[PDB]
Amino acid sequence: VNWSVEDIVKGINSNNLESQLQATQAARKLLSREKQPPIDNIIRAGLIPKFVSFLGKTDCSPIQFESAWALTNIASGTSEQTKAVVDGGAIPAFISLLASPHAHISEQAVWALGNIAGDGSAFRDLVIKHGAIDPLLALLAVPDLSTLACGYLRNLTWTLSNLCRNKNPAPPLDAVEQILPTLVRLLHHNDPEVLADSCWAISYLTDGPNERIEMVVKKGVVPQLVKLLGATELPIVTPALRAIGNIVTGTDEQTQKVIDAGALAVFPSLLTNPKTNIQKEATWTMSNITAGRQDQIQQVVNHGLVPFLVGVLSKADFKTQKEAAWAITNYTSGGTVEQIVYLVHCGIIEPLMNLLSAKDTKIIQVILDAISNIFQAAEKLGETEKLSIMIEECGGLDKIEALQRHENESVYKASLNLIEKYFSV
Amino acid sequence: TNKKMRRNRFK
Amino acid sequence: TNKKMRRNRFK
Numbered sequence: 074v075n076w077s078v079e080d081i082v083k084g085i086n087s088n089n090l091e092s093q094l095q096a097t098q099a100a101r102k103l104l105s106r107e108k109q110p111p112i113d114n115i116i117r118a119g120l121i122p123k124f125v126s127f128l129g130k131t132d133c134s135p136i137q138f139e140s141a142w143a144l145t146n147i148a149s150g151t152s153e154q155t156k157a158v159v160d161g162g163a164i165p166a167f168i169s170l171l172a173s174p175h176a177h178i179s180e181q182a183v184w185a186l187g188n189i190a191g192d193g194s195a196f197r198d199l200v201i202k203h204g205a206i207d208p209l210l211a212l213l214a215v216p217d218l219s220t221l222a223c224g225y226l227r228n229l230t231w232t233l234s235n236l237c238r239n240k241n242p243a244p245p246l247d248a249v250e251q252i253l254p255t256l257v258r259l260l261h262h263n264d265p266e267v268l269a270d271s272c273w274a275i276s277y278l279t280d281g282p283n284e285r286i287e288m289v290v291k292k293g294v295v296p297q298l299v300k301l302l303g304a305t306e307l308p309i310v311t312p313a314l315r316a317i318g319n320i321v322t323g324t325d326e327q328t329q330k331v332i333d334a335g336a337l338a339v340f341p342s343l344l345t346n347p348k349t350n351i352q353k354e355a356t357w358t359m360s361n362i363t364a365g366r367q368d369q370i371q372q373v374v375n376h377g378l379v380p381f382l383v384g385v386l387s388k389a390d391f392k393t394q395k396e397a398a399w400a401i402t403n404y405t406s407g408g409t410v411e412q413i414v415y416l417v418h419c420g421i422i423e424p425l426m427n428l429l430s431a432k433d434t435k436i437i438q439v440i441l442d443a444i445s446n447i448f449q450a451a452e453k454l455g456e457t458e459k460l461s462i463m464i465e466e467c468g469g470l471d472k473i474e475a476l477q478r479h480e481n482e483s484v485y486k487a488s489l490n491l492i493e494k495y496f497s498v
Numbered sequence: 009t010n011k012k013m014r015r016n017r018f019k
Numbered sequence: 013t014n015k016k017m018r019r020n021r022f023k
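Chains as they are written, first to last, in the deposited numbering: chain A, 74 to 498; chain C, 9 to 19; chain B, 13 to 23.
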């Protein structure tokens, strides 16, 4: 074994079918060895078109299988290499094999199409234009998904998820509406990996305009996304939290469906998750919720989440702290006077003042905005003096005075307004 | 609006 | 979530 590319070329070109099979096996072994498949050597030998033609040889199903595997591995490389597979006519040929009576050939064609679509929007739309969605969904048309082999079902879920992926442009609306019902079924399956890729698909489809968010929401997936948010497997929580985060960027009505499904009961553990990426994502999601209606801010209060946002603002890494500050600003600009009082009783002032030491200019503006909003609520109550002594007792007044020297302009004018308005006489 | 969709661009 | 996946030999 360890054939040379020249040996492979020789065997593939013969009129002997048995030597074509052996040569394709050698090519597949050469292309499936862990490190450095010599993909470019294979492309330059001109083998792609011949492999694509073998994909049609329904008689010799072994050479169909070996070709599909070789081409899967070529299509799994760079965009330039995936492009050679596409220019070789491979997409229609793989689509044809989706109907093969041999399950393992059909699976390998699903996998190859996943790699092609995974290259980007352009190749994803090619795959859809050649009509891949119908035969793919027909493979999942069985009433009980547990009858499919676990590996088969996983690859179908992964390839479907790649047809939902990427933007500029987003997938065509026709295709999304065709895929969503099957995606809903997969989201209720039990296999961890199926659930993870289904969540990734939903997170792709909800990454876009509110119109796309409504397509997914109207299918009823939010309660199951929330249940998967409470899972213990991090590869499920990550995409589920990504999807929930996208949905609460939409309207107050779409955000409310996330709250109605109970999402706020899971967020205390997300905001204290040991993985920094989860905390940051969950805090960002909280800032868009606190940007909603006053009654939705109130459900944040009632689920006891304010003390956890204060915790994040106090103890988290700086990038997550930025997100928490945004959630406070949004809270203080949209909240009632009684909600702001409660925010103050939770100890917001000090951790907020402490972040005014941050070099980052954007966050300083966010913080000053929150301070002004709280002062406006304090004016309604006639308690601006009480709030002003509180800011002095946290070390805050010195930091606000120091801001005058700041280079930025909006910071300069903002801090001077606060000092003249509440720290005079 | 008050909601931010572009956390990624915000970076 | 990986864009692409090679298929490796049975080990």
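Each residue gets a CB set at the ideal place from its N, CA and C atoms; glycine is no exception.
Within chain C, partners of residue i - CB distance below 7 Å
i	result
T322 of chain A	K11, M13
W357 of chain A	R15
Burial state of residue i (16 or more Cβ within 10 Å)
i	result
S271 of chain A	buried
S77 of chain A	exposed
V498 of chain A	exposed
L90 of chain A	exposed
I462 of chain A	exposed
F391 of chain A	exposed
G293 of chain A	exposed
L302 of chain A	buried
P174 of chain A	exposed
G365 of chain A	buried
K459 of chain A	exposed
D192 of chain A	buried
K453 of chain A	exposed
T349 of chain A	exposed
residue 58 of chain A	Residue coverage of chain A in this structure runs from 74 to 498, which leaves residue 58 of chain A outside it and unanswerable.
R101 of chain A	buried
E354 of chain A	buried
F22 of chain B	exposed
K108 of chain A	exposed
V215 of chain A	exposed
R14 of chain C	exposed
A389 of chain A	buried
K291 of chain A	exposed
Close beta carbons around residue i, own chain, < 7 Å, minus the five adjacent residues each side
i	result
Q181 of chain A	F138, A141, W142, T145
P242 of chain A	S194
residue 60 of chain A	A question about residue 60 of chain A goes unanswered here, because the residues of chain A that appear run from 74 up to 498.
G469 of chain A	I422, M426
Chain B contact residues for residue i, given Cβ-Cβ distances below 9 Å
i	result
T145 of chain A	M17, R18, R19
Under 8 Å by beta carbon: chain C residues contacting residue i
i	result
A316 of chain A	In chain order: nothing, as chain C lies at least about 14 Å away.
Chain-ordered neighbours of residue i on chain B, where CB pairs are closer than 7 Å
i	result
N188 of chain A	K16, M17
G191 of chain A	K15, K16
Proximal residues to residue i (C-beta, below 6 Å), its chain only, five neighbours per side dropped
i	result
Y277 of chain A	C237, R238
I401 of chain A	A443
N361 of chain A	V321, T322
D325 of chain A	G365, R366
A487 of chain A	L441
Residue i Cβ short of 7 Å to the ligand ADP heavy atom set
i	result
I464 of chain A	The ligand ADP is absent from the structure shown, which contains no ligands of any kind.
Residues that residue i contacts on chain C, provided the C-beta gap is smaller than 9 Å
i	result
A222 of chain A	The contacting residues do not exist; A222 of chain A stays about 37 Å from chain C at best.
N481 of chain A	By Cβ distance, chain C contributes nothing, its closest Cβ being about 17 Å from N481 of chain A, past 9 Å.
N239 of chain A	By Cβ distance, chain C contributes nothing, its closest Cβ being about 14 Å from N239 of chain A, past 9 Å.
Contact set for residue i: own chain, Cβ-Cβ below 8 Å, skip 5 residues either direction
i	result
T457 of chain A	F448, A451, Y495
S134 of chain A	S173, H175, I178
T393 of chain A	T349, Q352, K353, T356, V385
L344 of chain A	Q352, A355, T356, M359, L378, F381, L382, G384, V385
Where residue i meets chain B, residues with beta-carbon distance less than 8 Å
i	result
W76 of chain A	Correct list: empty, because the minimum Cβ distance to chain B is about 15 Å.
Q) In the segment 210-289 of chain A, which residue ranges form an unbroken alpha helix (DSSP H) of at least 4 residues, counting only runs that do not cross its ends? A) Here the runs fully enclosed are 223-237, 246-260, 265-278.
**Q.** Length-filtered (4 minimum) alpha helix (DSSP H) runs lying within the segment 403-437 of chain A
**A.** Every unbroken stretch of the alpha helix (DSSP H) spanning 4 or more residues and falling wholly within the segment 403-437 of chain A is given here in chain order: 410-418, 422-427.
Q) If contact means a Cβ-Cβ distance below 8 Å, which residues of the segment 98-110 of chain A contact chain B? A) Residues passing the 8 Å Cβ filter: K102, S105, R106, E107, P110.
Q. Which full runs of the alpha helix (DSSP H) of 4+ residues lie inside the segment 78-113 of chain A, going along the chain?
A. Complete alpha helix (DSSP H) runs here, min 4: 78-86, 90-104.
Q: Mind listing, in chain order, the continuous alpha helix (DSSP H) runs of no fewer than 4 residues lying wholly within the segment 129-198 of chain A?
A: Fully enclosed alpha helix (DSSP H) runs of 4 or longer: 134-148, 152-160, 163-170, 176-190.
Q. Which residues, taken in chain order from the segment 149-172 of chain A, show a beta carbon closer than 9 Å to some beta carbon of chain B?
A. Of all residues in the segment 149-172 of chain A, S149, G150, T155 have a Cβ within less than 9 Å of some Cβ in chain B.
Q | Contacting positions in the segment 386-416 of chain A - beta carbon closer than 7 Å to chain B | A | Answer in chain order: no residues at all.
(Q) Tell me which residues of the segment 363-374 of chain A have at least one Cβ-Cβ distance to chain C shorter than 7 Å, keeping chain order. (A) Contacts with chain C (Cβ-Cβ distance below 7 Å) from the segment 363-374 of chain A involve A364, listed in chain order.
Q: Taking only beta carbons into account, state which residues of the segment 258-284 of chain A come closer than 7 Å to chain B, listed in chain order.
A: Listed by position along the chain: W273.
Q. Which full runs of the alpha helix (DSSP H) of 4+ residues lie inside the segment 426-494 of chain A, going along the chain?
A. Those alpha helix (DSSP H) runs which fall completely within the segment 426-494 of chain A and span 4+ residues are 434-454, 457-466, 469-475.
**Q.** Residues of the segment 336-351 of chain A whose Cβ lies closer than 9 Å to any Cβ of chain C, in chain order
**A.** Within the segment 336-351 of chain A, no residue has its Cβ closer than 9 Å to any Cβ of chain C.
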